[PDB]
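For this one, two forms of the same chain are given in structure tokens, first as structure 1 and then as structure 2.
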Structure 1
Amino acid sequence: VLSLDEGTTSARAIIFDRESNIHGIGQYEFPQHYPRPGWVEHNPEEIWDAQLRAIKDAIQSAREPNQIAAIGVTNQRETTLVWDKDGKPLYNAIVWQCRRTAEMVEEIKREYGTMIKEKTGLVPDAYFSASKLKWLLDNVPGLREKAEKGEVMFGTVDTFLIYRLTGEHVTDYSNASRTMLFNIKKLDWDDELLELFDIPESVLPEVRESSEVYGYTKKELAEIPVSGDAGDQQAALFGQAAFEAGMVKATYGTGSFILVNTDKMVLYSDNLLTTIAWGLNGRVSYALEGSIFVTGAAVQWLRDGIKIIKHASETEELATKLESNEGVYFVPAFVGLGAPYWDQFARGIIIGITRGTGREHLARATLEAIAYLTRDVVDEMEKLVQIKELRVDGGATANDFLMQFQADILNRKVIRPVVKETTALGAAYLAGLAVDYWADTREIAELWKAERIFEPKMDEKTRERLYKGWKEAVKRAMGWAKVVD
């Protein structure tokens, strides 16, 4: 099985065996386009070749085409694209990170805020596709005509990847829940959101399950079946065998993303997202999500902005030089705050800077920030549902200290799996099931192995003192971009 892990920064491809060991990798980046302050765009051509060119590294290290059982696909979510019947991108993709629609959304919020959330699960925000589409049909000349004329297909990244792969125009339930046009209850596009955002039905894909045969590849390109699809963060949940209500994973990447499987129960949170975990065997599993836009990206900024480190790994030793953060906090809201704050205007703050503050306090305040952002989500989840422990993946989870401190301020176990590329695993597992490469989810769930379990060993008083300083630091990051210009 071959998994396509088309991320936000870098397109992965990976190949697994029924025991879930990797037999090939292939990763390539591609430019992150910023036409204007706060705007993030991807050229779908740069994305697409980076993807296939990266399949080949995983192929060429795996040692034959039709020896491939199926293809699974997982994508950076909400990122919005458009193309023609010959498969050509009609404009750049507007990444999930892009803020160009912050205020086209804002007006619409008040009259429609609770109706958008009630149908779709989503805090309305320029994060999700619906406003991204309305821009593309309102600003790209000829697109409405061409769509009212019937020549236009929209999709999120999975839907695009599945196209050049297959010829089919599909998406799963999980990626569709992310568009803020899909009614996660009724399980179909929601007509009065198609209205509100003025989006012609002639454009939307076909929502199908997450384990399904959508179609087969072009023989040029074996005839492999494309048989699995979920949103990037959703698959991580699958890859973690989070196949039960109550189970929680937390991906640490550019940003962190924390999901509680809920399968048949749909839960509501004012400050959190209700989306779809996956559709599987005529059953739709649900989830509650907290999406934190900037975590690991702060460690990056220590490397490329002020350049006080050369490698992200330098953080652990820089940070463990101190017994505590000595009152130094780093709220790294480079682009505003994700959940639960939903402050688009908050900007990144460092606070507590005496004459003795050195690189060590920076590095520590960054890793602490990552674990603090996570606990903000989890605390908010406990206002309705019990969170026992964190299965955990992503690049930053290499950091023995981060992982440790995460568990210490959470007073819960933090459990690092033996598998790393969990997001790909899940896209494999999904593609697997539908083409009996695996019998059941219970079989899959038994090859999931716990590589290390971080035990919380921190004082309750100490834990509350540090997180009270976190909250105060956050208060001071709020609303800064409507002050400064």
Structure 2
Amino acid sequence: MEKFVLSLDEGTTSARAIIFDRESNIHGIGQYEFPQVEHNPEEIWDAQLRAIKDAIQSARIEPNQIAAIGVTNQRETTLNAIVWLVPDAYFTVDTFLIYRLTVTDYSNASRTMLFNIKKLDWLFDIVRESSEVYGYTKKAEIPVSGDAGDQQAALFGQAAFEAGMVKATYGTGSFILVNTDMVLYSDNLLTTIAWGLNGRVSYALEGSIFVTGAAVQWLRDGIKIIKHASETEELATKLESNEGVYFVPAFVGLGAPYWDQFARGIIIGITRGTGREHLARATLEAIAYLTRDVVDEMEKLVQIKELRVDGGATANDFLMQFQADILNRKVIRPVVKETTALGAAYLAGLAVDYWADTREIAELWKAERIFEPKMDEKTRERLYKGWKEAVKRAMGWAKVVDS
């Protein structure tokens, strides 16, 4: 009898459910967003449930055809519920789901700031593996078997299984994680648990960026020089270089490694010939430059094999090709775009031997496109030098003015 894996991606603004098969093909999708920092666990559970059978409905299956359930989630969010380690109020939803279904795992618990990253056990005055059968459901009798934080699930769904394999999620901002196998530490990066599978525990670095895609949104809705994000691709490829124009979208400051919450946005190199193409291209290059800022801070600790990417902006071929160029690393775009749910379904599937082991997953994993660096050493260092100067000239600008 053909069986499938249900996967739940409980996100910040939207709750999703995806039914996968052994090939990582999707068979059914349900998706419902919910009103917004506080979430009402009712409307979240309610939307997360409507999604589930909407997924079972469109996949044309019996509930007893569901071999396992994986869950993944917006991390940190604490249970209305308060919405999302160096300290922050930044620092779960899976448990709220899993027990309305029956616990957290090392990855999700490592974002509590109440869990020891090195001791793997629990001042502030107030935990299983990512792949194991926590409980069962009760109506058909389906087992809950996967749980990880959404970023960590995505890293897993990207099959970034060995050290130095980096997952960059491109969105309004960016989340970049690298697998370190090695509990490593940086002042500029986070240290967290990738996952814990088969009695082992993998560690992950993580850098974040507030404004990446939001700079393209600004091109479209701030100064309205484009109507669609995808238009930046044909504008940037009109040019054979940025021709001196750089754009540092520091709308709310520089993050790591510069750390300056008073930087502001700068466009520099403007001459009478700078047009929409220069601004389009500079905005994409910037997205690639800020990503290099995170990945370089990772190359001081782990060696960086390659970049696996997800998020809507990975549809942009100029951005991906420039991304590889500036990294001198391969940029790998997966067939499956829902890497977060796919990673949770991988975790739950492995618990019931739906997949034999992770290297079968690795063997089965398909890239849609591989972007190979085409850019010499001198060009790469010049461009990134131009970018380093532009960043400098953006610094502390909100010291100067009374905004």
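Residue numbering: sequential along structure 1, first residue numbered 1. In this text, the rigid core denotes the largest set of C-alpha atoms whose superposition between the two forms falls within 1.5 Å.
- Residue shifts between the two structures, rigid core superposed: of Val299, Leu181, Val248, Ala277, the only C-alpha displaced by 2 Å or more belongs to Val299.
- Once the cores line up, the CA of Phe257 ends up less than 2 angstroms apart between the two structures.
- For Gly469, the Cα coordinates differ by 2 angstroms or more between the two structures after the core has been superposed.
- Relative to the superposed core, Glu368 undergoes a Cα shift of 2 Å or more between the two structures.
- Fit the two forms on the rigid core and the C-alpha of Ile309 turns out 7.0 Å off between the two structures.
- When the rigid core is fitted, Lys56 shows a C-alpha shift of 1.1 Å between the two structures.
- Fit the two forms on the rigid core and the C-alpha of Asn399 turns out 3.1 Å off between the two structures.
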